[PDB]
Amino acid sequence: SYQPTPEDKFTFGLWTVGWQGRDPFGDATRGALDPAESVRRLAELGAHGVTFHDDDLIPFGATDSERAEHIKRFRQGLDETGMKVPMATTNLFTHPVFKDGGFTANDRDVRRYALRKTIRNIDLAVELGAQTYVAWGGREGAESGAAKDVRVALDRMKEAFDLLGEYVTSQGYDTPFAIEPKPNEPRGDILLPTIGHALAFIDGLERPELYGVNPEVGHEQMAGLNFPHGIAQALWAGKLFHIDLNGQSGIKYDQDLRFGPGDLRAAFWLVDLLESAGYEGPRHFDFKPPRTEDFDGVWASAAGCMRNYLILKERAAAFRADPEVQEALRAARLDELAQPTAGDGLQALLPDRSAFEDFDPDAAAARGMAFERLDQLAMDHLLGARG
């Protein structure tokens, strides 16, 4: 069977299994979960660690006294289970004050508060051992054109991230930032909507090396993009610092279904890619047990996330190890794709008559790519109608 263990690196945010089920058209269907209780239950399921927004662990507005009490109970559970906290993040979207954003809110005082609220949680994150600090600008964006001058908001966004970079370096912390893109929801359009936009923005920061991305399966799919393709680019750039796994059934509201659900073939290609590329970070599940579920359903959903990754991991491996597939990859020229186009150089290429003057485009065009046979072998492997 497929039983997860801490070595598998499966992590969960407190807000995932802890989601009470409030949606835009309805009230909570489940009671609140004590963070300490979630930690112990996730440990029992084979999880590696947990993540949290400051506000999931400490109630907004809690006194320094209550704050210490909450952190103590959480640390107690971490200590008893040996659970890790690989990532932490700030909630800059729930309180009404962040209605127009945090780092790019038109109001300057709100932008200052947002940075302060973030810096306070970075200190806690480091104390708990987090190696990555995520930033999801859920409120950075707009519903109307003139409400937000995007060039100046990008100036404010760069300013905020640069200030965080200075803070972290001045303090000597060993923690990196990962930007989590999302195209829309709750704002009509959110700034840095996809992996590409986030990656481009990072290269304009003062210390680009401190920032990467934390893409989420469902978010890129909300723009109808290919997640494995985007992950490949992030990997090619050396910026996949963390990753959120879940499922999404197409272009609509952010569903956060458990991993495996939604686009199954995309899940398969994603796992094949992560494992083949040797990604070593956490396999974080940012999902929401549907509100139709009670607590037993919550834990079944969480268990399902990990199980599916394990089954997909086995199928991906079987796929790549099969000699019939290696033969099909050669037939489709995946090996030729790895050869430099012009290792001989520009001047040699220009003088090469076989590259143009004597090239026969019709003969070359006649060669079938053999992509369908390869894809069907992949399907067979996924459905276990073969390895």
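Position 1 is the first residue in the sequence shown; the rest follow in order.
- Mean CA B-factor, 24 to 32 versus 336 to 344: the higher value falls on 24 to 32.
- Checked against the record, the higher mean CA B factor of 110 to 118 and 186 to 194 lies with 110 to 118.
- Annotation for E127, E143, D100, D286: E127 ranks highest, by Cα B-factor.
- Across the options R320, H53, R40, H48, the residue with the most elevated CA B-factor in the record is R40.
- When the CA B factors of the chain's modelled residues are split into thirds, the value for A378 lands in the lowest one.
- In the deposited entry, the Cα temperature factor of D272 places it in the lowest third of its chain's modelled residues.
- Looking at the C-alpha B-factors along this chain, the one for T132 belongs to the middle third.
- For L78, the recorded CA B-factor ranks within the highest third of the chain. Only modelled residues enter the ranking.
- Per the PDB record, residue ranking by Cα B-factor puts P96 in the middle third of the chain.
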